[PDB]
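Structural features, examined
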Amino acid sequence: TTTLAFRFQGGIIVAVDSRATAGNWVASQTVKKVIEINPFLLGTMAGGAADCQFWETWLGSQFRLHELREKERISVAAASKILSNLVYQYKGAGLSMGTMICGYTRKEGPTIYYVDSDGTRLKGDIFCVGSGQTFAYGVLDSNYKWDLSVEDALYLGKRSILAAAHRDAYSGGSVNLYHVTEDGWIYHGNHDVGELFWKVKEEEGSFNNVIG
Amino acid sequence: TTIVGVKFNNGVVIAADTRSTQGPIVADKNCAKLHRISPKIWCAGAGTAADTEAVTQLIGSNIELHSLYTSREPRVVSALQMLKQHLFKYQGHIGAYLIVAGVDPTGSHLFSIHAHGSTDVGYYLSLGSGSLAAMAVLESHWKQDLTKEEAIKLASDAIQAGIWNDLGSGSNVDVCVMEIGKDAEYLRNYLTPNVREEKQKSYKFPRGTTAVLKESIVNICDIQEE
Amino acid sequence: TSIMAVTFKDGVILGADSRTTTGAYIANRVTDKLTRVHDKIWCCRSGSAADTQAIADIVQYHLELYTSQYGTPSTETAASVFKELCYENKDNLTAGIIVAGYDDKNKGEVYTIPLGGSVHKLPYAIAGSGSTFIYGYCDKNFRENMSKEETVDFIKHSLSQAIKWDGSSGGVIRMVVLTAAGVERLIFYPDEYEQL
Amino acid sequence: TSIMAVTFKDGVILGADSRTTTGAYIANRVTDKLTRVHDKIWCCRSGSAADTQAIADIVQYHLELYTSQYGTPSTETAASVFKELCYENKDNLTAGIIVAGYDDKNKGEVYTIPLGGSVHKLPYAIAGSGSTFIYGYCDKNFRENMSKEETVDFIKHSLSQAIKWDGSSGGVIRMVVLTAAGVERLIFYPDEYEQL
Amino acid sequence: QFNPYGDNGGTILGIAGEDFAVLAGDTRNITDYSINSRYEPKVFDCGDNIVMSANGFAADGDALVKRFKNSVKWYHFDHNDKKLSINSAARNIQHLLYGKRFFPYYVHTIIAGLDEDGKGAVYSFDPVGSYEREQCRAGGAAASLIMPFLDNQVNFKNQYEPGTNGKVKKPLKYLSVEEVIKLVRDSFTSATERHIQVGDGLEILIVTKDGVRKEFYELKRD
Amino acid sequence: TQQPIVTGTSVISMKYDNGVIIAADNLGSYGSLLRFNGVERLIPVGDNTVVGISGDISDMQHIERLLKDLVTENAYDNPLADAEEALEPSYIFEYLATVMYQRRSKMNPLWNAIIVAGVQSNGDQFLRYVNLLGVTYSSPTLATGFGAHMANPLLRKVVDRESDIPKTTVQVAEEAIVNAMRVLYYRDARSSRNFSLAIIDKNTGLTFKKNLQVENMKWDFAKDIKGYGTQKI
Amino acid sequence: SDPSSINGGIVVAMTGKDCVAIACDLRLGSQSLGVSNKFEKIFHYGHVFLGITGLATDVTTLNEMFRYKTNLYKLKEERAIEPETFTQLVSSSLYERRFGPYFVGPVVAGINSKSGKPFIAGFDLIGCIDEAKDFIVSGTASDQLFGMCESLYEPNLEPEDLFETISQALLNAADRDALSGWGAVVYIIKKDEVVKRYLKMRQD
Amino acid sequence: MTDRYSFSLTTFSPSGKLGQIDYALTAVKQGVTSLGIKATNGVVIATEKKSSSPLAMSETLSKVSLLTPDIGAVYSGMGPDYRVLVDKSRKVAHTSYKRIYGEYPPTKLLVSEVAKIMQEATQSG
Amino acid sequence: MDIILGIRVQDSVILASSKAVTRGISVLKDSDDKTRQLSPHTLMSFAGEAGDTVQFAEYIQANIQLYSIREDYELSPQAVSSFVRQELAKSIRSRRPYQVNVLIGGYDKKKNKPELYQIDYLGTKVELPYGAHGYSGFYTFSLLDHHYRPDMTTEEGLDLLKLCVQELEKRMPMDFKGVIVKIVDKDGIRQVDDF
Amino acid sequence: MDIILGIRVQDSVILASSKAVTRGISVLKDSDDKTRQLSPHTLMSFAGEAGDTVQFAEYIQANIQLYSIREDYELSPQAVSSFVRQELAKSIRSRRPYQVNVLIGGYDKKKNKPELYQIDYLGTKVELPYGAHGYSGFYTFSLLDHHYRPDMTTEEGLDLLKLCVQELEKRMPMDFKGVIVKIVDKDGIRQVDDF
Ligand SMILES: [Mg+2]
Ligand SMILES: [Mg+2]
Ligand SMILES: [Mg+2]
Ligand SMILES: [Mg+2]
Ligand SMILES: [Mg+2]
Ligand SMILES: [Mg+2]
């Protein structure tokens, strides 16, 4: 697995791979590692697939109840803390979770919270989680700027997953892109890594080591 | 694996299924489990397949040299003794479980050998994962003074019980008949009750379906003259 | 396994069941556990079949070579060779052997060699998993200088009970009679001994 | 421990050795393993002394309360109460109990309750570590409708052999006779039973 | 120590067509190297045009299917005989599975049917309830033998159009129910040849707007 | 979680044209000790069902009491208790199957393998298996423990599939069962010669046979077998 | 931990009409980490071809060992070794390390120069020969390969048809295995010409 | 004890002759005639069975010996030396070939192995 | 030890190796050179278990120096790497294996080409344009995959190497105390003293 | 987390806490503030198991803030430290104990004195002139033992703190990404933004 999310001028980019494995066996290449909590909030899937799916879906129910009671959009801070407090109750039971709760509100602006099954809750600008996280970090760190355009930021997220997909055996299949704005997230398509690799190799001149 | 040995009037018959597996996967659907120690001494192996083949070739090799040295046709008791002492020395680490059968100047013989080096004598024996299914058939239908034709029938029926009821066994039945005063007749694929049905579809691809990056001629020939 | 050897007036008789198990599966129901190491020196085997066969084969070799040089060996000598193998290799063996033989000078003798590799000369010996159930019976019913027919009945009744209670024992009751007259094999089937 | 209960013509007799060990140390050489849960319903105890005492005490309580309400309980009823405790608490108990009793209607009855908590009604029952050595003897020598004197001899000879071979058993042979006549305690010392 | 789980073998296969869906499964039930039954139905009609199979440990499989069938019944009672849509069924099954998160149903569940637009739908579940709508999914013992074949023959993976040489992919043309059944049968015939736990019989449940239909085929019994 | 103490071995069974046959030996083993020789492991429920049980005997006796209690309970406020509302094999099995799976789910199983054999109201043969794990399956032939490995192969030669059931008579079916019991006595070290056999026929009803023995045994060939290889005497 | 699945990779071999084909992926890894996309697993000694999956150090070592042995064979025999003979040599060599084996899955492929008969063979790590008529599979996606081969294969395929079958068998099997892929090579072998083709595949 | 003859007993004389080899050839010269002829579809090897006594059963003395199913040998010279060479030749055909390649050695290579054994007796201690 | 990197550019091989030596709780040294010159145009860096690393490296060095004297000839980088691989492949089935991973950077004077060989403790050899051992590749390979070109100059290789080290210094939990960088080319081996 | 230091000088308490947050292989953050203001003149830094640290710190914060509102009064640092110790002492015999070590730096407005309390996850409280948790003390205490004076100014305390951090940066294997330093005095709590 490789999942990333980073804050920038235009909001948040969320990018994930699509591969799921059981040992060496590739169980699925079409897995959705971005949970659409609601139209404004996104969550990433790493570690336990069920744990992330179930609780981040449950999550959307809690937020919906919040805004019904309070007549106001829930904050990303309150949002992420509902999840972190929940998994913390289960601490020791064996939940496996590494996720980025991503959102864009008025009071906060674009916000990302890394939430963990150990109970860790970290606000930050760039996060990368999964078996291919180190590969994605390299591309991110060397190319990231706050003043990236929405177009360039989307490509950076896509390219960073591709970097991991190539090197990390347990990452690949396809890349899912999201762009989170204040008015809600916008889906930017499914991109097959096989076709994307050759496309990027040619257009960018990267991956000279690989014969194409 | 299902292997059996059955004594009869003027000799002995052994039989085996033809399925070899790596875990739950069928590696070879037509494996040859009936091995030759000498022309008229054959054995069937279960357990670690490499060990059964390796130990029969080694003893078979030493049996041949012994036969040449003594100017005598090899005896089953010699193969038995050499197998058990070898297997005992390695204390079960050589995972060979054998049914040894044959004819020699002394007569017709049937023995089983376990990996730790213990041997047994019998008129009917079965080894392998399908040995219980096979032994059920042998215990139900075996009798004294079987004919050649009855023993082949019983042996193959016992293998079939393993084929159908034991997941570790399948495919075909191999048989070898060793009769006194005769050449041993190896009956490869004596029964073939598991032919795959014709598939619903042909999966022959159109030529040029596969994407290719490079082509080249490989030089298998030696360095050339001139 | 249920095995025993009993001395009597004319010599000694070895007795055994015929069941060999791998767990709860009877791998061989007609096993011959009475094995010959010399003309009139036999043994009953219990424990690891591989070990006891290997031991017996080596002893038979030793007594055959002994005979070629020094003439017929005593039963004591055979027991000593068994003991030497069992004792010196105690870490790698699981063998419980009863040695029984007939000399003309010494007559019927029985030696038992348990797991440790010790030797115990006895009037009679019982061993194997099924022996536990007949310690009481055999102790109450054994007499010295029994007749051949009495000793056969004693062994038959003893092993019948051992078989009845021990799941690891069963099949036929094999016996080998060792006297001056020679070597006689006996067999007794379930229908005979179960109704006793 | 070596314990047994044997039905006979006039009723039933319970028998037991008196040895209680902690490892190889004999903690009590004069133990009373024949324990009373009702006037003419007794039991033989084997396994954990703490467990079997705790169980017996609870059964005695249950049969005492049963008697106050419904009159004298059957031997079957007593065995059922034993079973209920042993079965339902099988994970935390190590108890092998033989229940023996005398009704006038049913006469002498014997129930054995092994480790699992099952119940088995038998003409006679043997249990404890020393019982293994007398399965052969007891099976060959037991007869139904024996006299009091024959049954005492049968139990005495049986436990004598159990004691002889089992190191965990020994001391005196205690017996309790249950008949219409009443309850009679018997004791037999080493000098008596060892020479049998 | 007591092991509450077991492996009953078996292999199942769900394929979503354009206006239909099939859920197939072999009828062999096993433990270790023994056959329990040559015909033990594994794929079930659960009502509301939904078919289900919970492959793996058969006791948990039967328990889950039973509870889901029960959920369909109570969905009708509580919501005025409303039809349980395949997506709603899928979400419900997630909660059934995740309910035992810390003592899981040891099964790989697949359901099949039609979505609310009448298109073919297959959903695939892991033991603890993570689920996903899919076009093609083999489950169980011979899943690793079947899925690569399906990638190639259903989705036309690694297949390109002759003459172009890797430049133009083979177009993803829609398969008919007759075409799918051929691939299902060949998948199981191949699985039977190379996997010892697969054999005896193949039972296929086909779901269309007209209802649920069954087809049975013999497999090799060795 | 426990371990089985006193145990019963194979229960074997098969369908025939008009009903089902089920058999099991009368032994209650205590490890390798053949402790109890008069244990009935076939327990009839009414006149249409026989439940055959292997494994832990104390748990069998508990199950035996549950079935006895089930009959009592079914008769309560039930004028048709001996007619239309009598216990069916399917009712009895589903009940046991529920209990077995519930008990395994509490990590406290009934350490048994059970075969419920019977004939339904409409005359249909009922034969289904359930064990300590709550695993259930049906087949023309069913067997527990060693029976699964040795009896099934022999019984499957008679009824190899569903279509062979109407072709199989009660005499052929019983013969196959009795032969299988002999084979198990030869080869199962935890079996006894004495067994019980039950036939549940849609016409002749429940026939329960006690004190049967394995007979026509082959042992004579043992006399010729000598040594373990080279020995001649 | 498991030596046969640290480095990953696969080999498949097939027979056709008067021809054999042997193919392999190009991946070498350290578990999750991809290390090389040029690690070829097929070698040849004269006209006999050997594929080797498993622990990469042993793959290299055994190649060097069989080059060594087939070179001495040729000098003494005055002729190139045949597939049938080499198969026995591979088996002998593996079994001599019975209690300290090379963690490999070798696959022999070739055509007998005298009889013209197509030949393939497979081995377990310990030397047991699998001499199949149809196909041999090996490596971390052997299950996938068994599935592909069993359905795709038909007997007596012409060289250029066999190429398509074995290529599609390899590619689609490798795409269902995390530790296989990163390129592929296919050898089409005829009695006196051998064509080597590198395949284009997804690089994840 | 111990074999204390660890030095060569065959050595070069001043003239460059290896005496013990020449003397061995002299012993071969005294030996009974044996011959070999190669045809297009076969080979024949033959010799005289020089019976040391008419009471001796000359059938039991095999001058012509099978080495492998497709290889045979005959000799001239010292019979006992031949007999042990046949034993070694048979064994070496298995140990250094059949157990490696699963087939019997070709004639030239088995000959090479026999030659090696005879060479070593010409140089070893 | 920890991080060792290698990159083969147009006309040279560059090896970067960490300076830290940590024995448990404390960093005992921050200037350790984890490399040995095997021959004038062949350099080997190394990382693995303490003691084994230097023992192995010096053992290889001695053997190559012996060969150089005997034949009055420098072995090709390929020949040296094969020799090293065999020693490690021999080692892995020994009583106590060398727990050592190495990079061999050499300039082949015959072919006039730089060559980088990566060999792990099992004897797993691969020729690469750029390589690493341990966790080093996890952080650096994505950058190398992106920026690397086979026609890079030595100065460009060093700049790409700096970017790799910067990423390591940012995301690695361990303080490896910077790297010593050495360049292997036609003129021999030299150390970049400022990095 | 890793390193947390504390030093009580003449008229203030200074807490220094590392910025790194490492989750296994990667450093996820290099600007993490491992501290919570319990009351206007009481600051608590913390280090231990992930999740537990922040959960515990915020739980304490909420309780002290509740007390402050109820009584309209700020609890003394001693009172707060005793409350915190009891919670940890209660925690250690719980089903799942808080794996959290804390330093409580407070200025007692009644006594006009700075106070530093060191409490480990067992509920082991000690009042100290300077303190640490984990391995931090092993590197720093020898320097603090040497240089510390009870009449030090805040500026001198910071200089001694820099020397402690420099020694940590030299000899610790882990890169803790520097420290956030906060000062607690009569005027309240403030952060030293350049360190
Ligand atoms: Mg990848
Ligand atoms: Mg041993
Ligand atoms: Mg018995
Ligand atoms: Mg199959
Ligand atoms: Mg892959
Ligand atoms: Mg490497």
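Residues numbered from 1 in each chain as written, not as in the entry; some residues may be left out. Chains lettered and ligands numbered in written order. Part of a larger assembly, values for the part shown. Heavy atoms only, no water.

- Structure determination for this PDB entry was carried out by X-ray crystallography, with a resolution of 2.60 Å recorded in the header.

A closer look at the overall build of chain B
- Each helix and strand in chain B was counted, giving four helices and 13 strands.
- Principal-axis analysis of the C-alpha atoms places the extent of chain B at approximately 65 × 55 × 35 Å.
- Looking at chain B as a whole, 58% of its 226 residues are labelled buried.
- Restricting the contact set of chain B to residue pairs at least 6 apart, pairs at least 24 apart contribute 61%.
- Accessible area for chain B stands at about 9100 Å²; split by element, carbon and sulfur atoms hold 48% of it.
- Put simply, chain B has 21 plus and 24 minus side-chain charges, and the middle of one group is 3 Å from the middle of the other. (Helix = DSSP H or I, 4+ residues; strand = E, 2+ residues; numbered from the N terminus. Buried < 20%, exposed > 50% of the residue type's maximum accessible area, 1.4 Å probe, protein only. Contact = heavy atoms within 4.5 Å. Areas by Shrake-Rupley, 256 points an atom, 1.4 Å probe, with all protein chains shown as cover. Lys, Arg positive; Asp, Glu negative; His and termini not counted. Charge placed at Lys NZ, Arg CZ, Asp CG, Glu CD.)

Quick notes on the overall build of chain H
- On a plain count of helices and strands, chain H comes out with three helices and four strands.
- Element order for chain H, N to C, with α for helix and β for strand: α-β-β-β-β-α-α.
- Across the 125 residues in chain H, those meeting the buried criterion constitute 18%.
- For chain H, the computed accessible surface area is about 9100 Å², with 58% contributed by carbon and sulfur atoms.
- For chain H, the separation between the mean place of its 15 positive charges and that of its 10 negative charges on side chains is 1 Å.

Some points on the interface of chain F and chain E
- In this assembly, 22 residues from chain F lie in contact with 24 residues from chain E.
- Approximately 1800 Å² of surface area, both sides summed, lies buried where chain F meets chain E, with 47% of it carried by carbon and sulfur atoms.
- Between chain F and chain E we count five salt bridges in total.
- One salt bridge in this structure joins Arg128(F) and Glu40(E), with 3.3 Å as the shortest N-O distance.
- Applying the counting rule to chain F against chain E returns 12 residue pairs in polar contact.
- Elements represented by at least two residues in the side of chain F that touches chain E include exactly α2 (89-105), β10 (136-138) and α3 (146-156) of chain F.
- Element by element, the count of residues in the side of chain F that touches chain E is highest for α2(F), at four residues.
- Taken together, the residues that form the side of chain F that touches chain E break down as nine nonpolar, seven polar and six charged. (Buried area = accessible area lost by both parts, 1.4 Å probe. Salt bridge = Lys/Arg side-chain N within 4 Å of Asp/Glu carboxyl O. Polar contact = N/O pair within 3.5 Å; in protein donor to acceptor, adjacent residues only side chain to side chain. Nonpolar A, V, L, I, M, F, W, Y, C, P; charged D, E, K, R; others polar.)

Concerning the nonpolar core
- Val6(B), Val13(B), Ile37(B), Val100(B), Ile12(F) and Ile177(F) are the most contacted members of the largest nonpolar core, which has 80 residues in total.
- The greatest single-element share of this core, amounting to nine residues, is contributed by helix α4 (residues 170-187) of chain F.
- For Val6(B), the residues in contact, after removing those within four places along its chain, are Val12(B), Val13(B), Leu110(B), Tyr123(B), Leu138(B), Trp142(B), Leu146(B), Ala151(B), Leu154(B) and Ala155(B).
- By size, the runner-up hydrophobic cluster in this structure holds 62 residues, among which are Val22(E), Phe135(G), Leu145(G) and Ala169(G). (Core = buried A, V, L, I, M, F, W, Y, C linked by side-chain atoms within 4.5 Å.)

Things to note about empty space enclosed by the protein
- On inspection of all chains with the given rule, the structure shows 10 cavities of 30 Å³ or more.
- One number sums up the size of the largest cavity: a volume of about 60 Å³.
- In terms of lining residues, the largest cavity is bounded by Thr35(C), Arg36(C), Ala56(C), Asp57(C), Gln60(C), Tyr228(F), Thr230(F) and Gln231(F).
- Elements with a contribution of two residues or more to the lining of the largest cavity: β5 (34-38) and α1 (49-70) of chain C. (1 Å grid on protein atoms, 1.4 Å probe; cavity = no way out; pocket = protein on both sides within 12 Å on 5 of 7 lines; lining within 4 Å. Points joined across faces, edges and corners; volume = space filled by probe spheres on them.)

Description of the packing of helix α1 (residues 49-70) of chain B against helix α2 (residues 76-89) of chain B
Residue and element names in this part refer to chain B.
- Across the interface, α1 lies against α2 with an axial gap of 10 Å and an inter-helix angle of 130°. Classified by the interaxial angle, the pair formed by α1 and α2 is oblique. Note that α1 runs across α2; the crossing there is right-handed. Between α1 and α2, the residues in contact are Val55, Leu58, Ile59, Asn62 and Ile63 and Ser78, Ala79, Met82, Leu83, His86 and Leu87, respectively. (Axes fitted to C-alpha atoms, helices over the stretch in contact; angles between N-to-C directions. Parallel < 35°, antiparallel > 145°, perpendicular 65-115°, else oblique. Left-handed = near helix turned anticlockwise from the far one by under 90°.)

Quick notes on α3(F)
- For α3(F), the tally of buried residues reaches nine of 11 residues, placing the bulk of the element in the interior.
- For α3(F), the complete set of buried residues consists of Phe146(F), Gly147(F), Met150(F), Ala151(F), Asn152(F), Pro153(F), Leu154(F), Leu155(F) and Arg156(F).

Some points on the side chain of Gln94(E)
- Residue placement: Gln94(E) occurs in helix α2 (residues 86-98).
- Once residues lying within four places of it in the same chain are set aside, the contact partners of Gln94(E) are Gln53(A), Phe54(A), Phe125(E), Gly129(E), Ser130(E) and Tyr131(E).

Notes on the pairing of strand β1 (residues 3-8) of chain D
Residue and element names in this part refer to chain D.
- Counting buried positions over the six residues of β1 gives six, a clear majority of the element.
- Judged by which residues are buried, β1 turns out to be covered on both faces: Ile3, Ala5 and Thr7 on one side and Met4, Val6 and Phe8 on the other are all buried.
- In the sheet, β1 pairs with strand β2 (residues 11-16) via six bridges, with the strands oriented antiparallel. The residue bridging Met4 from the neighbouring strand is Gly15, located in β2. (Pairing = 2+ DSSP bridges.)

Here's the deal with the sheet that holds strand β7 (residues 96-104) of chain B
Residue and element names in this part refer to chain B.
- As summarised here, the arrangement of the five strands in space is β5-β6-β7-β8-β9, forming an open sheet in which the pairing is antiparallel. Either end of the sheet is taken by a strand with one partner, and the two such strands are β5 (34-38) and β9 (119-121). Across this sheet, the average inter-strand angle for adjacent strands is 25°, counted without regard to direction.
- Looking at chain direction, strand β6 (residues 41-47) and β7 are connected through seven bridges and run antiparallel. Bridging from a neighbouring strand, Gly47 pairs with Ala96 of β7.

Things to note about the interface of chain G and chain B
- Taken together, the 38 residues of chain G in the interface contact 36 residues of chain B.
- For the pair chain G and chain B, the two sides together bury roughly 3200 Å², of which 57% comes from carbon and sulfur.
- When the buried area of chain G at its contact with chain B is split by residue, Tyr95(G), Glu164(G) and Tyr198(G) rank highest and sum to 15% of it.
- One can count eight salt bridges joining chain G with chain B.
- Here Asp51(B) makes a salt bridge to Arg98(G), at a shortest N to O gap of 2.7 Å.
- Connecting chain G to chain B are 18 residue pairs in polar contact.
- Where the side of chain G that touches chain B is concerned, the elements lending two or more residues are α3 (142-152), α4 (159-174) and β12 (193-199) of chain G.
- Counting residues per element, the side of chain G that touches chain B draws most heavily on α4(G), at eight residues.
- Residues of the side of chain G that touches chain B, tallied by class, amount to 16 nonpolar, seven polar and 15 charged.

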